[PDB]
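Notes for the one structure printed next.
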Amino acid sequence: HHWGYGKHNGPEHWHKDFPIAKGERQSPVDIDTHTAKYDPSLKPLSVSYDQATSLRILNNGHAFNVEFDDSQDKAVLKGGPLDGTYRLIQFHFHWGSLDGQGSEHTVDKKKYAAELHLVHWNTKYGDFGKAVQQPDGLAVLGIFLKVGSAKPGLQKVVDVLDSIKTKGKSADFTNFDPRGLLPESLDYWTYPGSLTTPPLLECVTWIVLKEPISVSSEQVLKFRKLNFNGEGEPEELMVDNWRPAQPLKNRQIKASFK
Ligand SMILES: On1ccc(F)cc1=S
Ligand SMILES: [Zn+2]
């Protein structure tokens, strides 16, 4: 009886194994666009992904992770609200059963069809495992997906999902360029929060881009053919793997833009 997204093991249950689920800096949150404060002192965000080395794609039973070689400063996030250098370790998505839901963050209570999380760890802590124990350990770049035109830079991800249908399957996934997943604008909201899955550690500077990317109905349909279950278990479609909005409590969302 492990955590999941079902009636018996979903987000309303997580607090029993992970009591920080009811903590002071949980994620995601609703972004109230009229309450977020423009902070003219935020530096421009620096996304340096030209030397990014993708290695592998994994179905972990909750999502799929596209994993990167994080053994050198090859794909880094810097600037914006961040002090120092954060190394890209993986990206994943959260998505719905229907185009009307799927994102974790909301914007004036609007739910997008999906949300991309590019996960980076603070190099001052040496590895990801130590970084997640620090209040400034991670920087997650959050990008909303809406359904419309195809995102060409996503198709290589969509085409390998057949090969990782069930929990614990992986596949070689070299030479994937995550720059093909970014929108034009790097305008963002930022606030201190958490992982959105167990163990829900309060180690994340969230950087949520204002501009969504467009993906095709056919692209998100392929996300929804994945399985939470392992091979030769009853089929449970990997859908609605999103945590809903948590209490803002004593936190200020800042906007990089007027
Ligand atoms: O869901 N998830 C899992 C790992 C991680 F580092 C960040 C997030 S958002
Ligand atoms: Zn996530």
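Chains: A, B, ... in order of the structure tokens. Residues: from 1 per chain. Ligands: from 1, in order shown.
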Strand (DSSP E or B) per DSSP on the backbone: members of region 47-243 of chain A, as a PyMOL selection string: chain A and resi 47-48+54-59+64-68+76-79+86-95+106-107+110+114-122+138-147+170-172+188-193+204-209+213-215+227+237
Would you output that residue set with C-alpha atoms, as a CSV table (one decimal), in the first residue's frame?
chain,number,residue,atom,x,y,z
A,47,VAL,CA,18.9,28.6,-19.0
A,48,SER,CA,22.1,27.1,-20.4
A,54,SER,CA,20.2,13.1,-21.9
A,55,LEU,CA,20.9,9.4,-21.0
A,56,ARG,CA,17.7,7.5,-20.3
A,57,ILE,CA,13.9,7.6,-20.0
A,58,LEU,CA,12.3,5.7,-17.0
A,59,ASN,CA,8.6,4.9,-16.1
A,64,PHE,CA,8.3,9.1,-16.7
A,65,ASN,CA,11.7,10.8,-16.0
A,66,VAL,CA,14.1,11.9,-18.8
A,67,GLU,CA,17.4,11.6,-17.0
A,68,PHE,CA,20.6,13.7,-17.7
A,76,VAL,CA,22.6,24.8,-15.7
A,77,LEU,CA,20.0,27.2,-14.4
A,78,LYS,CA,21.3,30.4,-12.9
A,79,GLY,CA,20.0,34.0,-12.3
A,86,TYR,CA,21.9,24.5,-10.4
A,87,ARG,CA,22.5,21.4,-12.5
A,88,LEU,CA,19.7,19.7,-14.6
A,89,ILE,CA,19.2,16.1,-13.4
A,90,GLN,CA,15.8,15.2,-15.0
A,91,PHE,CA,12.5,16.4,-16.3
A,92,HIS,CA,9.1,14.9,-16.0
A,93,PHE,CA,5.5,15.9,-16.6
A,94,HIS,CA,2.2,15.9,-14.7
A,95,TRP,CA,-1.0,15.4,-16.8
A,106,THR,CA,-2.9,26.9,-11.4
A,107,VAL,CA,-3.1,30.6,-12.7
A,110,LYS,CA,-7.0,27.9,-14.3
A,114,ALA,CA,-0.2,19.3,-18.2
A,115,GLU,CA,2.9,20.7,-16.5
A,116,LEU,CA,6.6,20.1,-17.3
A,117,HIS,CA,9.1,20.1,-14.4
A,118,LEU,CA,12.8,20.5,-15.2
A,119,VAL,CA,14.6,19.6,-12.0
A,120,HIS,CA,18.0,21.2,-11.0
A,121,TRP,CA,20.1,20.8,-7.9
A,122,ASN,CA,22.3,23.4,-6.2
A,138,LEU,CA,16.6,22.5,-5.9
A,139,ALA,CA,15.3,24.9,-8.6
A,140,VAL,CA,12.4,23.5,-10.6
A,141,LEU,CA,11.5,25.2,-13.9
A,142,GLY,CA,7.7,24.7,-14.3
A,143,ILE,CA,6.2,25.0,-17.9
A,144,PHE,CA,2.4,24.7,-18.6
A,145,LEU,CA,1.1,22.7,-21.5
A,146,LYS,CA,-2.1,23.6,-23.4
A,147,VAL,CA,-3.6,21.6,-26.2
A,170,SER,CA,13.6,2.2,-19.0
A,171,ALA,CA,15.1,2.9,-22.5
A,172,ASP,CA,18.3,4.5,-23.8
A,188,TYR,CA,8.2,33.8,-14.6
A,189,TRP,CA,6.7,33.7,-11.1
A,190,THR,CA,8.8,32.4,-8.2
A,191,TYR,CA,8.1,31.3,-4.6
A,192,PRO,CA,9.6,28.9,-2.1
A,193,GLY,CA,8.0,25.4,-2.1
A,204,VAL,CA,12.5,23.9,-4.0
A,205,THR,CA,12.7,27.4,-5.4
A,206,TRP,CA,9.9,27.3,-8.0
A,207,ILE,CA,10.3,29.2,-11.2
A,208,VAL,CA,7.0,28.9,-13.1
A,209,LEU,CA,7.0,30.4,-16.7
A,213,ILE,CA,3.8,25.7,-24.7
A,214,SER,CA,1.2,24.2,-27.1
A,215,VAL,CA,1.2,20.4,-27.5
A,227,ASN,CA,0.6,2.6,-17.2
A,237,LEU,CA,-3.7,4.2,-17.1
Within 10 Å of region 239-241 of chain A using only C-alpha atoms, minus same-chain residues under 2 positions, as an MDAnalysis selection string: chainID A and resid 4:6 10:11 61:63 93:98 101:104 113:114 197 223:228 236:237 243:244
Save out the residues we just selected, C-alpha atoms, as a PDB file, in the first residue's frame.
ATOM      1  CA  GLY A   4      -0.166   6.974  -5.599  1.00  0.00           C
ATOM      2  CA  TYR A   5      -2.979   9.049  -7.233  1.00  0.00           C
ATOM      3  CA  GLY A   6      -5.954   6.667  -6.532  1.00  0.00           C
ATOM      4  CA  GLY A  10      -3.731   9.670  -3.497  1.00  0.00           C
ATOM      5  CA  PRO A  11      -2.752  13.151  -2.241  1.00  0.00           C
ATOM      6  CA  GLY A  61       5.155   4.094 -11.709  1.00  0.00           C
ATOM      7  CA  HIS A  62       4.112   7.798 -11.070  1.00  0.00           C
ATOM      8  CA  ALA A  63       5.461   9.544 -14.210  1.00  0.00           C
ATOM      9  CA  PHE A  93       5.451  15.904 -16.584  1.00  0.00           C
ATOM     10  CA  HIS A  94       2.203  15.853 -14.662  1.00  0.00           C
ATOM     11  CA  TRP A  95      -0.991  15.409 -16.772  1.00  0.00           C
ATOM     12  CA  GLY A  96      -4.716  14.806 -16.730  1.00  0.00           C
ATOM     13  CA  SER A  97      -7.265  12.311 -18.017  1.00  0.00           C
ATOM     14  CA  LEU A  98      -8.858  15.232 -19.952  1.00  0.00           C
ATOM     15  CA  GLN A 101      -6.971  19.259 -15.837  1.00  0.00           C
ATOM     16  CA  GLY A 102      -3.412  18.019 -15.283  1.00  0.00           C
ATOM     17  CA  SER A 103      -1.269  20.970 -14.195  1.00  0.00           C
ATOM     18  CA  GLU A 104      -0.198  21.204 -10.523  1.00  0.00           C
ATOM     19  CA  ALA A 113      -3.646  20.106 -19.609  1.00  0.00           C
ATOM     20  CA  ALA A 114      -0.175  19.283 -18.221  1.00  0.00           C
ATOM     21  CA  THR A 197       5.436  13.992  -4.807  1.00  0.00           C
ATOM     22  CA  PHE A 223       1.089  10.368 -22.323  1.00  0.00           C
ATOM     23  CA  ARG A 224      -2.298   8.893 -21.301  1.00  0.00           C
ATOM     24  CA  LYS A 225      -1.496   5.407 -22.826  1.00  0.00           C
ATOM     25  CA  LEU A 226       1.249   4.920 -20.174  1.00  0.00           C
ATOM     26  CA  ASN A 227       0.592   2.602 -17.194  1.00  0.00           C
ATOM     27  CA  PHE A 228       1.051   3.150 -13.422  1.00  0.00           C
ATOM     28  CA  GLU A 236      -4.261   1.298 -14.681  1.00  0.00           C
ATOM     29  CA  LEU A 237      -3.700   4.224 -17.111  1.00  0.00           C
ATOM     30  CA  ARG A 243      -1.239  17.077  -6.739  1.00  0.00           C
ATOM     31  CA  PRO A 244      -3.805  19.851  -6.255  1.00  0.00           C
TER      32      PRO A 244
END
Distance in Å - CA of residue 186 (chain A) versus CA of residue 127 (chain A): 26.6 Å
From A:195, A:20, A:160, A:75, residue lying nearest ligand 2 [only C-alpha atoms and all ligand atoms]: A:195
Point-to-point distance in Å for atom 4 (C, counted along the ligand's line) of ligand 1 and CA of residue 155 (chain A):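 Answer for the CA of residue 155 (chain A) to atom 4 (C, counted along the ligand's line) of ligand 1 separation: 22.5 Å.
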Residues near residue 185 (chain A), cut-off 7 Å, only C-alpha atoms, skip fewer than 2 positions along chain, as a ChimeraX atom specification: /A:183,187,211
All helix (DSSP H, G or I) positions in region 88-254 of chain A, as a VMD selection string: chain A and resid 123 to 125 128 to 131 152 to 164 178 to 181 217 to 223
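Closest approach to residue 253 (chain A) among A:38, A:112, A:49, A:125: A:38, based on only C-alpha atoms.
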Residue with smallest distance to residue 39 (chain A) - pool A:255, A:73, A:83, A:153, counting only C-alpha atoms: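 Among the listed residues, the smallest separation from residue 39 (chain A) belongs to A:255.
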Minimum-distance residue to ligand 2, chosen among A:15, A:85, A:196, A:202 (using only C-alpha atoms and all ligand atoms):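 When distances to ligand 2 are compared using only C-alpha atoms and all ligand atoms, the smallest one comes from A:196.
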Nearby residues (only C-alpha atoms) at most 8 Å from residue 132 (chain A), same-chain spacing under 2 positions excluded, as a ChimeraX atom specification: /A:121,128-130,134-135,137-138,201-203
Could you write those residues out with C-alpha atoms, as an mmCIF file, in the first residue's frame?
data_model
loop_
_atom_site.group_PDB
_atom_site.id
_atom_site.type_symbol
_atom_site.label_atom_id
_atom_site.label_comp_id
_atom_site.auth_asym_id
_atom_site.auth_seq_id
_atom_site.Cartn_x
_atom_site.Cartn_y
_atom_site.Cartn_z
ATOM 1 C CA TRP A 121 20.123 20.770 -7.890
ATOM 2 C CA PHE A 128 20.938 15.663 -5.479
ATOM 3 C CA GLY A 129 20.477 13.536 -2.290
ATOM 4 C CA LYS A 130 22.208 16.184 -0.157
ATOM 5 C CA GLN A 134 18.491 22.032 2.060
ATOM 6 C CA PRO A 135 15.921 24.837 1.843
ATOM 7 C CA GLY A 137 18.657 22.693 -2.670
ATOM 8 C CA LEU A 138 16.568 22.530 -5.854
ATOM 9 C CA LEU A 201 10.681 17.860 0.843
ATOM 10 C CA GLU A 202 10.606 21.696 1.305
ATOM 11 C CA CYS A 203 13.794 22.240 -0.770
#
Counting only C-alpha atoms and all ligand atoms, the option among A:229, A:174, A:9, A:60 closest to ligand 1: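 Closest residue, counting only C-alpha atoms and all ligand atoms: A:60.
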Counting only C-alpha atoms, the residue of A:176, A:242, A:18, A:3 that sits nearest residue 199 (chain A): A:18
